[PDB]
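The listed protein sequences derive, respectively, from chains Q, I, X, H, V and W.
Going letter by letter, the first sequence gives residues 23 to 100, 102 to 316 in the entry's author numbering.
Going letter by letter, the second sequence gives residues 23 to 100, 102 to 316 in the entry's author numbering.
Going letter by letter, the third sequence gives residues 2 to 55, 57 to 119 in the entry's author numbering.
Going letter by letter, the fourth sequence gives residues 2 to 55, 57 to 119 in the entry's author numbering.
So for the fifth sequence, the entry's author numbering puts the first residue at 2; every next one is plus one.
So for the sixth sequence, the entry's author numbering puts the first residue at 2; every next one is plus one.
Scroll down for the structure; my scribbles are underneath it.
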Amino acid sequence: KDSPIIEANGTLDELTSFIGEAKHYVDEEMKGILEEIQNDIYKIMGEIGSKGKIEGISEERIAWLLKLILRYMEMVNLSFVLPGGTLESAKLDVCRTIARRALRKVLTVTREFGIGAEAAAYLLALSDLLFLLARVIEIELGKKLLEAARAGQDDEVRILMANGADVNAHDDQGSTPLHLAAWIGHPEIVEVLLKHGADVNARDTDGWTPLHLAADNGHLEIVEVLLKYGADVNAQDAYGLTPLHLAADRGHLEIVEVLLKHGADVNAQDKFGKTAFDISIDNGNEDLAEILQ
Amino acid sequence: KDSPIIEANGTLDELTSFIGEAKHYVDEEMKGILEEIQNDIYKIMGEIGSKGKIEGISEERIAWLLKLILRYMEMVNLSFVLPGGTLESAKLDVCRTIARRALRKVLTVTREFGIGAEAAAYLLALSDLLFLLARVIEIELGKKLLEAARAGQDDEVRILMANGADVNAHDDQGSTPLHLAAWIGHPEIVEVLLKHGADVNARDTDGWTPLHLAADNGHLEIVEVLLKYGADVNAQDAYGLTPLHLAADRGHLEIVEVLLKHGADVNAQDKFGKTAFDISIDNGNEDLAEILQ
Amino acid sequence: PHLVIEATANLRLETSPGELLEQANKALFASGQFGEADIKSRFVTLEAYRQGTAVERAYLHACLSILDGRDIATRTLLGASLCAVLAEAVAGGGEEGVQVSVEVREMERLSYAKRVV
Amino acid sequence: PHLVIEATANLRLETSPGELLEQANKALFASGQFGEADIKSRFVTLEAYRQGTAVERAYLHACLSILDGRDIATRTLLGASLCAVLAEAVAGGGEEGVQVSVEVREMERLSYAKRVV
Amino acid sequence: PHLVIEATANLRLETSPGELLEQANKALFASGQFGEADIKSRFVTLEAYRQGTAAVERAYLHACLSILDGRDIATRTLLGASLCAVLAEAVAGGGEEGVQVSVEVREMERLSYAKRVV
Amino acid sequence: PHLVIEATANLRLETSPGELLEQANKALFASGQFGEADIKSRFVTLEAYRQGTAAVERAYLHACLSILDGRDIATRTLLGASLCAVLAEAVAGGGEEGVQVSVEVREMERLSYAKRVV
């Protein structure tokens, strides 16, 4: 009954208790994973409390964590983010920090008693897994917000962000929930996302902003809104096109009028050498050419 | 202002905060109990922070815990369970582990300052009471799941299990939510419980599985489902009867046909010496005797 | 563990000494510190006694002997627990209040001998 | 970090030495302890070897050399991580089970020299 | 003392492995720490190697000097720096980028160390 | 434990590399410190090497025994001496002068040690 032993066990007890809470906020797979972890923690406590007399977790348990880590690692592609992006991920971040406190206590025991090194390695791997699990949850709420925007569900969109979904999440194609609303034609979604910090000038993999999408697809009302919240009316994509070149080529005159009122440059050249006006001339569009000059 | 004093107070303060949270997840009785405890913890801090100059909790407060412990102790009849069986019980397990951390700090102070021994005894009893209270909550969710299964409400049983109710909880008679669904005759329930891990071959105090209940009570649809999920078609109860002996004796021919198709042994003898066939003969049942031979 | 309960002859109990011993053993077992079969208690009535020097007085004292290894909270709680059981067992005795007390002591584990016959 | 993997000539791998080294480097990088470009490993086949004295036997051993500063949990996890990867890479060899082991050691940081040409 | 020099097969040197070993031995002897005849070094070419996980062509050069214990930090550090300078100069190139040159210096337990002369 | 024996290419042995490894393993087992099946040794011939800075041709033989920590100084010292006897007797000649034979015994960190059987 040396303090390092008691404190390590007590802290592990604290750890599994928080895990016991967290597993009520996660899906079936993570729930099962956390329960196996609770079993491992109990197994570890048996080793520590008996000063290594009782065998603890096996190397297969460490490898078991590692396999899960490798699985979830390829799902996570971090900038730096603050802990607790969502209510659910917050639960895991709390478990992570407790696990770290548990590791320090168990590591102290190992250093002083020469036992539990495998358990310490396990707990170390555990912390890494817990980190990822939290990030994966945030990515998944991100994906559900993208889905809501793509589907056109105005309430889902509000709900997802209220629960912690990142308004600036993006799909494999670089499109954010704001790009999705701008392309599809849902002004109400465009508005609530801008309101909660969506980057009006985010670029997708084609170099397009939500304004390029809205301008190209004839979404006049959305174009107006994007400009109000600071869209760069002269943002150029990968090929040098501005939302004006796109609106011009499509013949969307009302949008052209809006773009020009906000300082769009009718004489801007893309990487091919074409200007918005020259395009109205190439397409034989006499009315557009009047608006652009 | 010695660290052991400051840390003891700070940790007890931390303990009170978690209790303050937990009391919003419990019923009125436990809420009142937790509030009295919050007052006692404050009282204890008064003693510690003043180095014994201010009186702490009285012996009546220790006895007060003990009475509650004795009351709830007879409600708890442990196998080993993982912490946080339900969301509600998880909240208390968290308080329990914190209380133990608080105890360690107070014990350090007692050894160094000679004060707080009564407070330490109180906190020790507290951690025991918190343990029991958490288990009682899990037992109660267990009992509500038993009720849901008996009622036949497919939503209740999902909800109770989703919130942490033990699918293998049992009443004083050994019947689990799965036995109740098989005995009462709710095919929807027997199915969802099996789906969430109910032990298809759990025995009640008569040695009966859910299949024995179904076979005896004419529940043809239930028998089919239980066998699909691995019920032992030839399981014997305390008296040596199989579900086939029960279905045969009751004259439930459609069930007898189902049991036989899954390998039921028509020549098995119970402890009296009777086989399912001999029973069809003793009752004068010409049609049953045919399917059994 | 070994528990001894001594009471003055003039001390009146609510229940028989037998009931006290059973309750005491339950109180001890409920601590989770002891095996059920391990707990040995006995009760003694004191016929030759004096309290103070000036008066009709009764008293009740128990001494709990345990193997070492338990902390202060455990020993303190065990004492308070027994005092609760013992105090409630007192109906009266003497011409004044009855003192009820419990001490907990530790036995040296290393020199301890035991067999089962 | 510097990782050396040595295998008996009679040891059969599921994958090529190259693939094993790549997997080992991934296992190391996934630890978050190392810069990707710094992870250097090599594999050697042992042609002249004996295990014990009595038998057809194969073995696989690796030594991971890192700059000091990591704790026991980190070194232990790194060893277990590599051993798992290496063990799973063994298809057979010899007439009995194959021993797969990994050691982790620390290099003195203060005397350590490095340049890029 | 014992010195091991390992180079990737795709690493180009300005000199032969022999010349490098000779220069390395001279660099060690010049330290005043060693008897000339005792300096034992070898060079190994690595055929099966990987640096990192990226699909990029890389070459590296590594040495480890093993000495009996008893020398201080400045000596071990200087010996390392000395060898690294020699090795670094011998590198012509290799792979598609810069070549990492590193040297370790470690100590052998003197008390358990055994030696014979045949 | 793991034993490595390195010899210069110009070093002549009285026995084959294999026989030396077998004798070394026997010497190690005879210590009572090791399980028979646990002793892993390998022998390497050095083709690119230099000893000292002089033009005189030299041969050398070196081994390092790797064990899990826990043995005392007398054991590590005796193991070294024991292997040296086995190695030294196996040397027939090589180079223009006497052959240096040396053995190191080092300890692995037990706590971080990983092992599996496939």
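By construction, the Cβ of each residue, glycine as well, lies at the ideal position given by its N, Cα and C atoms.
{"query": "So, using beta-carbon positions, are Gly96 of chain V and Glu58 of chain V closer together than 7 Å?", "result": "yes"}
{"query": "Please list the terminal residues of the continuous beta strand (DSSP E) segment that includes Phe44 of chain V.", "result": "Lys41 to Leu47"}
{"query": "Taking only beta-carbon positions, decide if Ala10 of chain H is within less than 7 Å of chain V.", "result": "no"}
{"query": "Kindly indicate which three-state DSSP category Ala261 of chain Q falls into: helix, strand or coil?", "result": "coil"}
{"query": "Just to confirm my understanding: we take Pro233 of chain I, look at its own chain, exclude 5 residues before and 5 after, and list those with CB closer than 6 Å. What are they?", "result": "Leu201, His202, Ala205 and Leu249"}
{"query": "What did DSSP end up calling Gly220 of chain I once you bin it into helix, strand or coil?", "result": "coil"}
{"query": "Kindly indicate which residue of I:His268, I:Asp288, I:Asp239 and I:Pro210 has the alpha-carbon position closest to the one of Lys251 of chain I.", "result": "I:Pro210"}
{"query": "Between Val213 of chain I and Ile162 of chain I, is the Cβ-Cβ spacing less than 7 Å?", "result": "no"}
{"query": "Please compile the residues from chain W whose C-beta is within a distance smaller than 9 Å of the C-beta of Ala91 of chain V.", "result": "Under the 9 Å cutoff, chain W gives no residues; its nearest Cβ is about 13 Å from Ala91 of chain V."}
{"query": "Check this for me: beta carbons of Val106 of chain V and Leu69 of chain V, under 7 Å apart or not?", "result": "no"}
{"query": "Taking C-beta to C-beta, are residue 56 of chain H and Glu37 of chain W nearer than 7 Å?", "result": "In the model as presented, chain H runs from 55 straight to 57, which leaves residue 56 of chain H without coordinates."}
{"query": "Report yes or no: do the region 69-77 of chain Q and the region 40-55 of chain Q share at least 3 C-beta pairs separated by less than 8 Å?", "result": "no"}
{"query": "Note down the Cα distance separating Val87 of chain W from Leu147 of chain Q, rounded to an integer number of angstroms.", "result": "45 Å"}
{"query": "Buried or exposed: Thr133 of chain I, going by 16 or more other Cβ atoms within 10 Å of its Cβ?", "result": "buried"}
{"query": "Thinking C-beta only, is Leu79 of chain H closer than 7 Å to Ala64 of chain H?", "result": "no"}
{"query": "Does the beta carbon of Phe30 of chain V sit closer than 7 Å to a beta carbon anywhere in chain W?", "result": "yes"}
{"query": "Is DSSP giving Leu100 of chain Q helix, strand or coil here?", "result": "coil"}
{"query": "Answer with yes or no whether the minimum CB distance from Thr78 of chain H to chain Q is below 7 Å.", "result": "yes"}
{"query": "Who pairs with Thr78 of chain H in a beta bridge, going by DSSP?", "result": "The partner list for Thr78 of chain H (beta bridge, DSSP) is empty, contrary to what the question assumes."}
{"query": "So the beta strand (DSSP E) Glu105 of chain X belongs to, where does it begin and stop?", "result": "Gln101 to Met109"}
{"query": "If you measure from the beta carbon of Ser103 of chain H to each beta carbon in chain V, is any gap under 7 Å?", "result": "no"}
{"query": "Is the CB-CB distance between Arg124 of chain Q and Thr228 of chain Q below 7 Å?", "result": "no"}
{"query": "Using only CA atoms, which one of W:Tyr61, W:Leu112, W:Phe35 and W:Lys27 lies nearest to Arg13 of chain W?", "result": "W:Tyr61"}
{"query": "How would you list, in chain order, the residues of chain H whose beta-carbon sits under 8 Å from the beta-carbon of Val5 of chain V?", "result": "Within 8 Å Cβ-Cβ: nothing; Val5 of chain V doesn't reach chain H, min ~11 Å."}
{"query": "Between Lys297 of chain I and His268 of chain I, how many whole angstroms is the CB-CB distance? I'm expecting something under 8 Å.", "result": "7 Å"}
{"query": "When the Cα atoms are used, what is the spatial distance from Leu88 of chain I to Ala144 of chain I?", "result": "11 Å"}
{"query": "Under 7 Å between C-beta atoms, does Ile68 of chain X make it to chain I?", "result": "no"}
{"query": "In whole angstroms, give me the CA-to-CA distance for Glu98 of chain X and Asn11 of chain X.", "result": "12 Å"}
{"query": "Can you tell me which of the three DSSP states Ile76 of chain Q falls into?", "result": "coil"}
{"query": "Check distances from the C-beta atoms of the region 245-256 of chain I to those of chain X and list, in chain order, the residues that come in under 9 Å.", "result": "none"}
{"query": "Reducing DSSP to helix, strand and coil, say where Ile138 of chain I ends up.", "result": "coil"}
{"query": "Whole angstroms is fine: what's the gap from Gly197 of chain I's alpha carbon to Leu22 of chain H's?", "result": "57 Å"}
{"query": "Could you give the distance in angstroms between the alpha-carbon of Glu313 of chain I and the alpha-carbon of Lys65 of chain Q?", "result": "56 Å"}
{"query": "CB-CB under 6 Å to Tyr94 of chain Q, same chain, minus the five flanking residues each way: which ones, in chain order?", "result": "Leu155 and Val159"}
{"query": "Does DSSP classify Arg13 of chain H as helix, strand or coil?", "result": "strand"}
{"query": "Have a look at the DSSP bridge pairing and note the partners of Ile6 of chain W.", "result": "W:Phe44 and W:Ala64"}
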